[PDB]
$ cat final-v1.pdb   # PDB, N, CA and C atoms and all ligand atoms
ATOM      1  N   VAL V 826     -55.002 288.507 175.842  1.00  0.00           N
ATOM      2  CA  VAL V 826     -55.451 289.513 176.832  1.00  0.00           C
ATOM      3  C   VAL V 826     -56.976 289.549 176.860  1.00  0.00           C
ATOM      4  N   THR V 827     -57.575 289.330 178.029  1.00  0.00           N
ATOM      5  CA  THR V 827     -59.034 289.230 178.207  1.00  0.00           C
ATOM      6  C   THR V 827     -59.581 290.422 178.998  1.00  0.00           C
ATOM      7  N   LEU V 828     -60.491 291.182 178.380  1.00  0.00           N
ATOM      8  CA  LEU V 828     -61.038 292.443 178.896  1.00  0.00           C
ATOM      9  C   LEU V 828     -62.424 292.264 179.541  1.00  0.00           C
ATOM     10  N   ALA V 852     -72.199 297.135 185.387  1.00  0.00           N
ATOM     11  CA  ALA V 852     -72.547 297.476 186.767  1.00  0.00           C
ATOM     12  C   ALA V 852     -71.922 298.804 187.248  1.00  0.00           C
ATOM     13  N   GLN V 853     -70.850 299.268 186.599  1.00  0.00           N
ATOM     14  CA  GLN V 853     -70.220 300.560 186.906  1.00  0.00           C
ATOM     15  C   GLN V 853     -71.044 301.743 186.393  1.00  0.00           C
ATOM     16  N   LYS V 854     -71.676 301.600 185.221  1.00  0.00           N
ATOM     17  CA  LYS V 854     -72.233 302.725 184.460  1.00  0.00           C
ATOM     18  C   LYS V 854     -73.190 303.581 185.290  1.00  0.00           C
ATOM     19  N   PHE V 855     -74.182 302.982 185.944  1.00  0.00           N
ATOM     20  CA  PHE V 855     -75.227 303.729 186.669  1.00  0.00           C
ATOM     21  C   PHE V 855     -74.776 304.452 187.948  1.00  0.00           C
ATOM     22  N   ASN V 856     -73.473 304.444 188.218  1.00  0.00           N
ATOM     23  CA  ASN V 856     -72.808 305.254 189.225  1.00  0.00           C
ATOM     24  C   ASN V 856     -72.155 306.507 188.610  1.00  0.00           C
ATOM     25  N   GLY V 857     -72.496 306.867 187.370  1.00  0.00           N
ATOM     26  CA  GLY V 857     -72.009 308.061 186.670  1.00  0.00           C
ATOM     27  C   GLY V 857     -70.664 307.886 185.969  1.00  0.00           C
ATOM     28  N   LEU V 858     -69.998 306.751 186.179  1.00  0.00           N
ATOM     29  CA  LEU V 858     -68.732 306.376 185.552  1.00  0.00           C
ATOM     30  C   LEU V 858     -68.964 305.931 184.107  1.00  0.00           C
ATOM     31  N   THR V 859     -68.101 306.295 183.164  1.00  0.00           N
ATOM     32  CA  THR V 859     -68.167 305.744 181.806  1.00  0.00           C
ATOM     33  C   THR V 859     -66.801 305.609 181.144  1.00  0.00           C
ATOM     34  N   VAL V 860     -66.699 304.688 180.188  1.00  0.00           N
ATOM     35  CA  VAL V 860     -65.479 304.349 179.451  1.00  0.00           C
ATOM     36  C   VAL V 860     -65.608 304.902 178.040  1.00  0.00           C
ATOM     37  N   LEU V 861     -64.630 305.679 177.587  1.00  0.00           N
ATOM     38  CA  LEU V 861     -64.649 306.342 176.281  1.00  0.00           C
ATOM     39  C   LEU V 861     -63.862 305.524 175.247  1.00  0.00           C
ATOM     40  N   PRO V 862     -64.284 305.463 173.978  1.00  0.00           N
ATOM     41  CA  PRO V 862     -63.535 304.734 172.970  1.00  0.00           C
ATOM     42  C   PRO V 862     -62.228 305.460 172.605  1.00  0.00           C
ATOM     43  N   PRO V 863     -61.183 304.731 172.194  1.00  0.00           N
ATOM     44  CA  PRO V 863     -59.984 305.330 171.635  1.00  0.00           C
ATOM     45  C   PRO V 863     -60.278 305.972 170.276  1.00  0.00           C
ATOM     46  N   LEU V 864     -59.502 306.977 169.875  1.00  0.00           N
ATOM     47  CA  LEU V 864     -59.699 307.644 168.585  1.00  0.00           C
ATOM     48  C   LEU V 864     -59.383 306.734 167.403  1.00  0.00           C
ATOM     49  N   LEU V 865     -58.314 305.948 167.492  1.00  0.00           N
ATOM     50  CA  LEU V 865     -57.926 304.975 166.477  1.00  0.00           C
ATOM     51  C   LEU V 865     -58.499 303.613 166.859  1.00  0.00           C
ATOM     52  N   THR V 866     -59.322 303.028 165.996  1.00  0.00           N
ATOM     53  CA  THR V 866     -59.862 301.683 166.209  1.00  0.00           C
ATOM     54  C   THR V 866     -58.778 300.625 166.032  1.00  0.00           C
ATOM     55  N   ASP V 867     -59.008 299.402 166.501  1.00  0.00           N
ATOM     56  CA  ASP V 867     -58.053 298.302 166.327  1.00  0.00           C
ATOM     57  C   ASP V 867     -57.743 298.001 164.849  1.00  0.00           C
ATOM     58  N   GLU V 868     -58.660 298.310 163.929  1.00  0.00           N
ATOM     59  CA  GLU V 868     -58.423 298.226 162.487  1.00  0.00           C
ATOM     60  C   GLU V 868     -57.414 299.271 162.007  1.00  0.00           C
ATOM     61  N   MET V 869     -57.462 300.488 162.539  1.00  0.00           N
ATOM     62  CA  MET V 869     -56.537 301.556 162.179  1.00  0.00           C
ATOM     63  C   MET V 869     -55.150 301.351 162.771  1.00  0.00           C
ATOM     64  N   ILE V 870     -55.044 300.775 163.970  1.00  0.00           N
ATOM     65  CA  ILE V 870     -53.752 300.370 164.537  1.00  0.00           C
ATOM     66  C   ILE V 870     -53.131 299.235 163.721  1.00  0.00           C
ATOM     67  N   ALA V 871     -53.940 298.281 163.255  1.00  0.00           N
ATOM     68  CA  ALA V 871     -53.498 297.219 162.363  1.00  0.00           C
ATOM     69  C   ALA V 871     -53.085 297.743 160.983  1.00  0.00           C
ATOM     70  N   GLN V 872     -53.764 298.734 160.404  1.00  0.00           N
ATOM     71  CA  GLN V 872     -53.332 299.350 159.144  1.00  0.00           C
ATOM     72  C   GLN V 872     -52.011 300.103 159.265  1.00  0.00           C
ATOM     73  N   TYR V 873     -51.794 300.856 160.343  1.00  0.00           N
ATOM     74  CA  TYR V 873     -50.501 301.492 160.588  1.00  0.00           C
ATOM     75  C   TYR V 873     -49.401 300.459 160.761  1.00  0.00           C
ATOM     76  N   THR V 874     -49.668 299.384 161.491  1.00  0.00           N
ATOM     77  CA  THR V 874     -48.705 298.301 161.694  1.00  0.00           C
ATOM     78  C   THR V 874     -48.396 297.572 160.391  1.00  0.00           C
TER      79      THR V 874
ATOM     80  N   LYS Z 535     -93.147 298.165 181.445  1.00  0.00           N
ATOM     81  CA  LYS Z 535     -91.925 297.510 180.930  1.00  0.00           C
ATOM     82  C   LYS Z 535     -91.322 298.286 179.753  1.00  0.00           C
ATOM     83  N   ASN Z 536     -90.039 298.058 179.458  1.00  0.00           N
ATOM     84  CA  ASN Z 536     -89.261 298.736 178.404  1.00  0.00           C
ATOM     85  C   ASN Z 536     -89.199 300.275 178.515  1.00  0.00           C
ATOM     86  N   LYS Z 537     -89.617 300.837 179.650  1.00  0.00           N
ATOM     87  CA  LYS Z 537     -89.751 302.273 179.899  1.00  0.00           C
ATOM     88  C   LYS Z 537     -88.959 302.646 181.148  1.00  0.00           C
ATOM     89  N   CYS Z 538     -88.288 303.791 181.144  1.00  0.00           N
ATOM     90  CA  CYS Z 538     -87.601 304.298 182.330  1.00  0.00           C
ATOM     91  C   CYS Z 538     -88.616 304.765 183.385  1.00  0.00           C
ATOM     92  N   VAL Z 539     -88.530 304.240 184.611  1.00  0.00           N
ATOM     93  CA  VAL Z 539     -89.479 304.514 185.708  1.00  0.00           C
ATOM     94  C   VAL Z 539     -88.784 304.701 187.058  1.00  0.00           C
ATOM     95  N   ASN Z 540     -89.475 305.356 187.992  1.00  0.00           N
ATOM     96  CA  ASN Z 540     -89.144 305.372 189.416  1.00  0.00           C
ATOM     97  C   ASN Z 540     -89.848 304.186 190.081  1.00  0.00           C
ATOM     98  N   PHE Z 541     -89.137 303.096 190.347  1.00  0.00           N
ATOM     99  CA  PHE Z 541     -89.730 301.918 190.970  1.00  0.00           C
ATOM    100  C   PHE Z 541     -89.592 301.918 192.495  1.00  0.00           C
ATOM    101  N   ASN Z 542     -90.584 301.322 193.149  1.00  0.00           N
ATOM    102  CA  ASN Z 542     -90.452 300.714 194.464  1.00  0.00           C
ATOM    103  C   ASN Z 542     -90.918 299.249 194.385  1.00  0.00           C
ATOM    104  N   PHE Z 543     -90.067 298.308 194.787  1.00  0.00           N
ATOM    105  CA  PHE Z 543     -90.435 296.906 194.992  1.00  0.00           C
ATOM    106  C   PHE Z 543     -90.161 296.555 196.454  1.00  0.00           C
ATOM    107  N   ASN Z 544     -91.183 296.247 197.252  1.00  0.00           N
ATOM    108  CA  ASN Z 544     -91.021 295.802 198.646  1.00  0.00           C
ATOM    109  C   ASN Z 544     -90.171 296.752 199.538  1.00  0.00           C
ATOM    110  N   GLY Z 545     -90.080 298.044 199.199  1.00  0.00           N
ATOM    111  CA  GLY Z 545     -89.236 299.040 199.879  1.00  0.00           C
ATOM    112  C   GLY Z 545     -87.925 299.388 199.154  1.00  0.00           C
ATOM    113  N   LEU Z 546     -87.562 298.669 198.087  1.00  0.00           N
ATOM    114  CA  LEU Z 546     -86.425 298.965 197.215  1.00  0.00           C
ATOM    115  C   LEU Z 546     -86.724 300.149 196.276  1.00  0.00           C
ATOM    116  N   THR Z 547     -86.501 301.380 196.736  1.00  0.00           N
ATOM    117  CA  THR Z 547     -86.561 302.565 195.866  1.00  0.00           C
ATOM    118  C   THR Z 547     -85.394 302.575 194.876  1.00  0.00           C
ATOM    119  N   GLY Z 548     -85.674 302.732 193.585  1.00  0.00           N
ATOM    120  CA  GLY Z 548     -84.654 302.907 192.551  1.00  0.00           C
ATOM    121  C   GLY Z 548     -85.226 303.449 191.244  1.00  0.00           C
ATOM    122  N   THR Z 549     -84.372 303.603 190.233  1.00  0.00           N
ATOM    123  CA  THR Z 549     -84.789 304.021 188.887  1.00  0.00           C
ATOM    124  C   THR Z 549     -84.167 303.122 187.830  1.00  0.00           C
ATOM    125  N   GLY Z 550     -84.915 302.828 186.771  1.00  0.00           N
ATOM    126  CA  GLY Z 550     -84.415 301.991 185.688  1.00  0.00           C
ATOM    127  C   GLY Z 550     -85.480 301.555 184.694  1.00  0.00           C
ATOM    128  N   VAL Z 551     -85.004 301.036 183.572  1.00  0.00           N
ATOM    129  CA  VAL Z 551     -85.774 300.328 182.557  1.00  0.00           C
ATOM    130  C   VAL Z 551     -85.988 298.889 183.022  1.00  0.00           C
ATOM    131  N   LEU Z 552     -87.235 298.525 183.314  1.00  0.00           N
ATOM    132  CA  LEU Z 552     -87.609 297.145 183.644  1.00  0.00           C
ATOM    133  C   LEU Z 552     -87.742 296.307 182.365  1.00  0.00           C
ATOM    134  N   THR Z 553     -87.252 295.070 182.379  1.00  0.00           N
ATOM    135  CA  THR Z 553     -87.338 294.117 181.255  1.00  0.00           C
ATOM    136  C   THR Z 553     -87.691 292.718 181.763  1.00  0.00           C
ATOM    137  N   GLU Z 554     -88.405 291.900 180.990  1.00  0.00           N
ATOM    138  CA  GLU Z 554     -88.671 290.502 181.372  1.00  0.00           C
ATOM    139  C   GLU Z 554     -87.378 289.668 181.366  1.00  0.00           C
ATOM    140  N   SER Z 555     -86.973 289.163 182.532  1.00  0.00           N
ATOM    141  CA  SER Z 555     -85.689 288.480 182.695  1.00  0.00           C
ATOM    142  C   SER Z 555     -85.678 287.056 182.142  1.00  0.00           C
ATOM    143  N   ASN Z 556     -84.512 286.619 181.667  1.00  0.00           N
ATOM    144  CA  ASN Z 556     -84.202 285.214 181.391  1.00  0.00           C
ATOM    145  C   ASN Z 556     -83.568 284.484 182.598  1.00  0.00           C
ATOM    146  N   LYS Z 557     -83.229 285.194 183.687  1.00  0.00           N
ATOM    147  CA  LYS Z 557     -82.688 284.609 184.927  1.00  0.00           C
ATOM    148  C   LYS Z 557     -83.738 283.753 185.636  1.00  0.00           C
ATOM    149  N   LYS Z 558     -83.276 282.804 186.450  1.00  0.00           N
ATOM    150  CA  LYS Z 558     -84.109 281.803 187.128  1.00  0.00           C
ATOM    151  C   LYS Z 558     -83.684 281.654 188.589  1.00  0.00           C
ATOM    152  N   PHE Z 559     -84.417 282.317 189.478  1.00  0.00           N
ATOM    153  CA  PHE Z 559     -84.178 282.273 190.918  1.00  0.00           C
ATOM    154  C   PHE Z 559     -84.663 280.935 191.507  1.00  0.00           C
ATOM    155  N   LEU Z 560     -83.992 280.461 192.560  1.00  0.00           N
ATOM    156  CA  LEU Z 560     -84.565 279.470 193.477  1.00  0.00           C
ATOM    157  C   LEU Z 560     -85.685 280.155 194.299  1.00  0.00           C
ATOM    158  N   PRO Z 561     -86.775 279.457 194.673  1.00  0.00           N
ATOM    159  CA  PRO Z 561     -88.007 280.057 195.201  1.00  0.00           C
ATOM    160  C   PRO Z 561     -87.885 281.063 196.354  1.00  0.00           C
ATOM    161  N   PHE Z 562     -86.885 280.927 197.223  1.00  0.00           N
ATOM    162  CA  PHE Z 562     -86.719 281.785 198.407  1.00  0.00           C
ATOM    163  C   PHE Z 562     -86.067 283.153 198.122  1.00  0.00           C
ATOM    164  N   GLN Z 563     -85.502 283.371 196.930  1.00  0.00           N
ATOM    165  CA  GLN Z 563     -84.920 284.665 196.554  1.00  0.00           C
ATOM    166  C   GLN Z 563     -85.981 285.616 195.989  1.00  0.00           C
ATOM    167  N   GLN Z 564     -85.794 286.920 196.179  1.00  0.00           N
ATOM    168  CA  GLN Z 564     -86.784 287.940 195.787  1.00  0.00           C
ATOM    169  C   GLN Z 564     -86.168 289.144 195.047  1.00  0.00           C
ATOM    170  N   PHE Z 565     -84.849 289.139 194.928  1.00  0.00           N
ATOM    171  CA  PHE Z 565     -83.999 290.284 194.646  1.00  0.00           C
ATOM    172  C   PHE Z 565     -82.711 289.742 194.010  1.00  0.00           C
ATOM    173  N   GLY Z 566     -81.919 290.530 193.290  1.00  0.00           N
ATOM    174  CA  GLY Z 566     -80.693 290.030 192.659  1.00  0.00           C
ATOM    175  C   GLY Z 566     -79.653 291.118 192.437  1.00  0.00           C
ATOM    176  N   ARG Z 567     -78.390 290.762 192.623  1.00  0.00           N
ATOM    177  CA  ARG Z 567     -77.309 291.719 192.508  1.00  0.00           C
ATOM    178  C   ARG Z 567     -76.167 291.304 191.606  1.00  0.00           C
ATOM    179  N   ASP Z 568     -75.526 292.317 191.047  1.00  0.00           N
ATOM    180  CA  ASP Z 568     -74.345 292.203 190.189  1.00  0.00           C
ATOM    181  C   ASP Z 568     -73.036 292.131 191.006  1.00  0.00           C
ATOM    182  N   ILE Z 569     -71.893 291.973 190.322  1.00  0.00           N
ATOM    183  CA  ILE Z 569     -70.555 291.840 190.944  1.00  0.00           C
ATOM    184  C   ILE Z 569     -70.236 292.991 191.916  1.00  0.00           C
ATOM    185  N   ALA Z 570     -70.657 294.209 191.576  1.00  0.00           N
ATOM    186  CA  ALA Z 570     -70.483 295.420 192.377  1.00  0.00           C
ATOM    187  C   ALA Z 570     -71.357 295.497 193.651  1.00  0.00           C
ATOM    188  N   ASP Z 571     -72.097 294.440 194.003  1.00  0.00           N
ATOM    189  CA  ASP Z 571     -73.094 294.433 195.087  1.00  0.00           C
ATOM    190  C   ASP Z 571     -74.207 295.487 194.878  1.00  0.00           C
ATOM    191  N   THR Z 572     -74.578 295.674 193.613  1.00  0.00           N
ATOM    192  CA  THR Z 572     -75.612 296.587 193.112  1.00  0.00           C
ATOM    193  C   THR Z 572     -76.771 295.801 192.512  1.00  0.00           C
ATOM    194  N   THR Z 573     -78.012 296.250 192.692  1.00  0.00           N
ATOM    195  CA  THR Z 573     -79.207 295.596 192.116  1.00  0.00           C
ATOM    196  C   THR Z 573     -79.101 295.417 190.599  1.00  0.00           C
ATOM    197  N   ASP Z 574     -79.504 294.257 190.076  1.00  0.00           N
ATOM    198  CA  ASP Z 574     -79.685 294.056 188.629  1.00  0.00           C
ATOM    199  C   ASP Z 574     -80.913 293.209 188.243  1.00  0.00           C
ATOM    200  N   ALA Z 575     -81.591 292.575 189.203  1.00  0.00           N
ATOM    201  CA  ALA Z 575     -82.889 291.948 188.989  1.00  0.00           C
ATOM    202  C   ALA Z 575     -83.772 292.019 190.239  1.00  0.00           C
ATOM    203  N   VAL Z 576     -85.091 291.964 190.052  1.00  0.00           N
ATOM    204  CA  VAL Z 576     -86.081 291.946 191.139  1.00  0.00           C
ATOM    205  C   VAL Z 576     -87.232 291.008 190.776  1.00  0.00           C
ATOM    206  N   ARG Z 577     -87.825 290.316 191.739  1.00  0.00           N
ATOM    207  CA  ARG Z 577     -88.959 289.457 191.460  1.00  0.00           C
ATOM    208  C   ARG Z 577     -90.274 290.173 191.776  1.00  0.00           C
ATOM    209  N   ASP Z 578     -91.216 290.179 190.827  1.00  0.00           N
ATOM    210  CA  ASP Z 578     -92.532 290.792 191.034  1.00  0.00           C
ATOM    211  C   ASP Z 578     -93.279 290.075 192.177  1.00  0.00           C
ATOM    212  N   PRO Z 579     -93.749 290.786 193.218  1.00  0.00           N
ATOM    213  CA  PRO Z 579     -94.349 290.171 194.403  1.00  0.00           C
ATOM    214  C   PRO Z 579     -95.803 289.689 194.229  1.00  0.00           C
ATOM    215  N   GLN Z 580     -96.482 290.023 193.123  1.00  0.00           N
ATOM    216  CA  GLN Z 580     -97.888 289.653 192.885  1.00  0.00           C
ATOM    217  C   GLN Z 580     -98.054 288.581 191.804  1.00  0.00           C
ATOM    218  N   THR Z 581     -97.263 288.655 190.739  1.00  0.00           N
ATOM    219  CA  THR Z 581     -97.283 287.742 189.592  1.00  0.00           C
ATOM    220  C   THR Z 581     -95.860 287.263 189.357  1.00  0.00           C
ATOM    221  N   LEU Z 582     -95.477 286.195 190.068  1.00  0.00           N
ATOM    222  CA  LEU Z 582     -94.074 285.847 190.303  1.00  0.00           C
ATOM    223  C   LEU Z 582     -93.309 285.597 188.993  1.00  0.00           C
ATOM    224  N   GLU Z 583     -92.496 286.585 188.638  1.00  0.00           N
ATOM    225  CA  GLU Z 583     -91.595 286.643 187.494  1.00  0.00           C
ATOM    226  C   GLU Z 583     -90.384 287.484 187.881  1.00  0.00           C
TER     227      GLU Z 583
HETATM  228  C1  LIG B   1    -102.236 288.151 193.965  1.00  0.00           C
HETATM  229  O1  LIG B   1    -103.586 287.957 193.548  1.00  0.00           O
HETATM  230  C2  LIG B   1    -103.765 288.007 192.125  1.00  0.00           C
HETATM  231  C3  LIG B   1    -105.255 287.923 191.875  1.00  0.00           C
HETATM  232  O2  LIG B   1    -105.921 289.108 192.287  1.00  0.00           O
HETATM  233  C4  LIG B   1    -102.966 286.879 191.476  1.00  0.00           C
HETATM  234  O3  LIG B   1    -103.091 286.914 190.060  1.00  0.00           O
HETATM  235  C5  LIG B   1    -103.883 285.790 189.620  1.00  0.00           C
HETATM  236  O4  LIG B   1    -103.106 284.605 189.382  1.00  0.00           O
HETATM  237  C6  LIG B   1    -103.873 283.434 188.889  1.00  0.00           C
HETATM  238  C7  LIG B   1    -102.910 282.260 188.697  1.00  0.00           C
HETATM  239  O5  LIG B   1    -101.891 282.611 187.736  1.00  0.00           O
HETATM  240  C8  LIG B   1    -104.623 283.810 187.601  1.00  0.00           C
HETATM  241  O6  LIG B   1    -105.487 282.706 187.246  1.00  0.00           O
HETATM  242  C9  LIG B   1    -105.481 285.065 187.816  1.00  0.00           C
HETATM  243  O7  LIG B   1    -106.150 285.420 186.567  1.00  0.00           O
HETATM  244  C10 LIG B   1    -104.590 286.213 188.336  1.00  0.00           C
HETATM  245  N1  LIG B   1    -105.370 287.435 188.552  1.00  0.00           N
HETATM  246  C11 LIG B   1    -104.808 288.643 188.588  1.00  0.00           C
HETATM  247  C12 LIG B   1    -105.767 289.829 188.770  1.00  0.00           C
HETATM  248  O8  LIG B   1    -103.590 288.790 188.486  1.00  0.00           O
HETATM  249  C13 LIG B   1    -101.498 287.005 191.862  1.00  0.00           C
HETATM  250  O9  LIG B   1    -100.760 285.900 191.354  1.00  0.00           O
HETATM  251  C14 LIG B   1    -101.350 287.054 193.379  1.00  0.00           C
HETATM  252  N2  LIG B   1     -99.960 287.254 193.751  1.00  0.00           N
HETATM  253  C15 LIG B   1     -99.362 286.561 194.725  1.00  0.00           C
HETATM  254  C16 LIG B   1     -97.921 286.891 194.978  1.00  0.00           C
HETATM  255  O10 LIG B   1     -99.958 285.707 195.374  1.00  0.00           O
END

$ encode --input "final-v1.pdb" --output "structure tokens"
Amino acid sequence: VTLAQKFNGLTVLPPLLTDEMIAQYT
Amino acid sequence: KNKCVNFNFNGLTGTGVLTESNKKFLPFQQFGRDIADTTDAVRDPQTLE
């Protein structure tokens, strides 16, 4: 799976659990 | 440079942190845009960079 907006007031927030914490639960 | 400013270049009013670019325009271009059709580079009209 492969993943200019910002200065229009739009922003992307991080998830609470990092990919390391999802891997530790798994 | 490296400072937030109110710029005008050739009538292009905008705001931003100016930085020395690594991009390389062909001689007839003066301006540059991102995927969103939004400005992301400009060429200095007096000291061509
Ligand atoms: C506009 O004129 C200035 C000179 O007033 C040009 O800048 C000069 O460029 C030469 C060549 O690089 C240098 O030897 C001079 O020392 C520069 N002087 C100054 C004051 O910048 C500038 O390049 C010109 N701009 C355009 C678009 O022609």

$ residues_near_ligand --input "final-v1.pdb" --ligand "ligand LIG 1 (chain B)" --cutoff "5 Å" --atoms "only N, CA and C atoms and all ligand atoms" --output "list in words"
residues 579, 580 and 581 of chain Z

$ write_last_selection --input "final-v1.pdb" --atoms "N, CA and C atoms" --output "short mmCIF file (atom, residue, chain, number, x, y, z; two decimals), keeping the file's coordinate frame"
data_model
loop_
_atom_site.label_atom_id
_atom_site.label_comp_id
_atom_site.auth_asym_id
_atom_site.auth_seq_id
_atom_site.Cartn_x
_atom_site.Cartn_y
_atom_site.Cartn_z
N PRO Z 579 -93.75 290.79 193.22
CA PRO Z 579 -94.35 290.17 194.40
C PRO Z 579 -95.80 289.69 194.23
N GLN Z 580 -96.48 290.02 193.12
CA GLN Z 580 -97.89 289.65 192.88
C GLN Z 580 -98.05 288.58 191.80
N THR Z 581 -97.26 288.65 190.74
CA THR Z 581 -97.28 287.74 189.59
C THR Z 581 -95.86 287.26 189.36
#

$ resolve_selection --input "final-v1.pdb" --expression "the PyMOL selection byres ((chain V and name CA) within 10 of (chain Z and name CA))" --output "list in words"
residues 852, 853, 855 and 856 of chain V

$ resolve_selection --input "final-v1.pdb" --expression "the PyMOL selection byres (((chain Z and resi 577) around 8) and not hetatm)" --output "ChimeraX atom specification"
/Z:543,563-566,575-576,578-583

$ resolve_selection --input "final-v1.pdb" --expression "the PyMOL selection byres (((chain Z and resi 536) around 6) and not hetatm)" --output "ChimeraX atom specification"
/Z:535,537-538,551-553

$ axis_aligned_box --input "final-v1.pdb" --around "segment 537-550 of chain Z" --padding-each-side "6 Å" --output "AutoDock Vina command-line options"
--center_x -87.7 --center_y 300.6 --center_z 189.8 --size_x 19.0 --size_y 21.6 --size_z 32.2

$ select_by_dssp --input "final-v1.pdb" --residues "chain Z" --states "strand (DSSP E)" --output "CSV table (one decimal) with N, CA and C atoms, in the coordinates of the input"
chain,number,residue,atom,x,y,z
Z,538,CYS,N,-88.3,303.8,181.1
Z,538,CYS,CA,-87.6,304.3,182.3
Z,538,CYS,C,-88.6,304.8,183.4
Z,539,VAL,N,-88.5,304.2,184.6
Z,539,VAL,CA,-89.5,304.5,185.7
Z,539,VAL,C,-88.8,304.7,187.1
Z,540,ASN,N,-89.5,305.4,188.0
Z,540,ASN,CA,-89.1,305.4,189.4
Z,540,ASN,C,-89.8,304.2,190.1
Z,541,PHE,N,-89.1,303.1,190.3
Z,541,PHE,CA,-89.7,301.9,191.0
Z,541,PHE,C,-89.6,301.9,192.5
Z,542,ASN,N,-90.6,301.3,193.1
Z,542,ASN,CA,-90.5,300.7,194.5
Z,542,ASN,C,-90.9,299.2,194.4
Z,543,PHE,N,-90.1,298.3,194.8
Z,543,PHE,CA,-90.4,296.9,195.0
Z,543,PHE,C,-90.2,296.6,196.5
Z,546,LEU,N,-87.6,298.7,198.1
Z,546,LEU,CA,-86.4,299.0,197.2
Z,546,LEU,C,-86.7,300.1,196.3
Z,547,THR,N,-86.5,301.4,196.7
Z,547,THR,CA,-86.6,302.6,195.9
Z,547,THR,C,-85.4,302.6,194.9
Z,548,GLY,N,-85.7,302.7,193.6
Z,548,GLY,CA,-84.7,302.9,192.6
Z,548,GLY,C,-85.2,303.4,191.2
Z,549,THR,N,-84.4,303.6,190.2
Z,549,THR,CA,-84.8,304.0,188.9
Z,549,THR,C,-84.2,303.1,187.8
Z,550,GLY,N,-84.9,302.8,186.8
Z,550,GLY,CA,-84.4,302.0,185.7
Z,550,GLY,C,-85.5,301.6,184.7
Z,551,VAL,N,-85.0,301.0,183.6
Z,551,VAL,CA,-85.8,300.3,182.6
Z,551,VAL,C,-86.0,298.9,183.0
Z,565,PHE,N,-84.8,289.1,194.9
Z,565,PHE,CA,-84.0,290.3,194.6
Z,565,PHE,C,-82.7,289.7,194.0
Z,566,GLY,N,-81.9,290.5,193.3
Z,566,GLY,CA,-80.7,290.0,192.7
Z,566,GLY,C,-79.7,291.1,192.4
Z,567,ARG,N,-78.4,290.8,192.6
Z,567,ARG,CA,-77.3,291.7,192.5
Z,567,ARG,C,-76.2,291.3,191.6
Z,573,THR,N,-78.0,296.2,192.7
Z,573,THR,CA,-79.2,295.6,192.1
Z,573,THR,C,-79.1,295.4,190.6
Z,574,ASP,N,-79.5,294.3,190.1
Z,574,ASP,CA,-79.7,294.1,188.6
Z,574,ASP,C,-80.9,293.2,188.2
Z,575,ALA,N,-81.6,292.6,189.2
Z,575,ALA,CA,-82.9,291.9,189.0
Z,575,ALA,C,-83.8,292.0,190.2
Z,576,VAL,N,-85.1,292.0,190.1
Z,576,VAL,CA,-86.1,291.9,191.1
Z,576,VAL,C,-87.2,291.0,190.8

$ atom_distance --input "final-v1.pdb" --atom1 "atom N of residue 828 of chain V" --atom2 "atom N of residue 863 of chain V"
14.9 Å

$ atom_distance --input "final-v1.pdb" --atom1 "atom CA of residue 867 of chain V" --atom2 "atom CA of residue 827 of chain V"
15.0 Å

$ atom_distance --input "final-v1.pdb" --atom1 "atom CA of residue 556 of chain Z" --atom2 "atom CA of residue 541 of chain Z"
20.0 Å

$ select_by_dssp --input "final-v1.pdb" --residues "chain V" --states "helix (DSSP H, G or I)" --output "list in words"
residues 854, 855, 856, 867, 868, 869, 870, 871, 872 and 873 of chain V
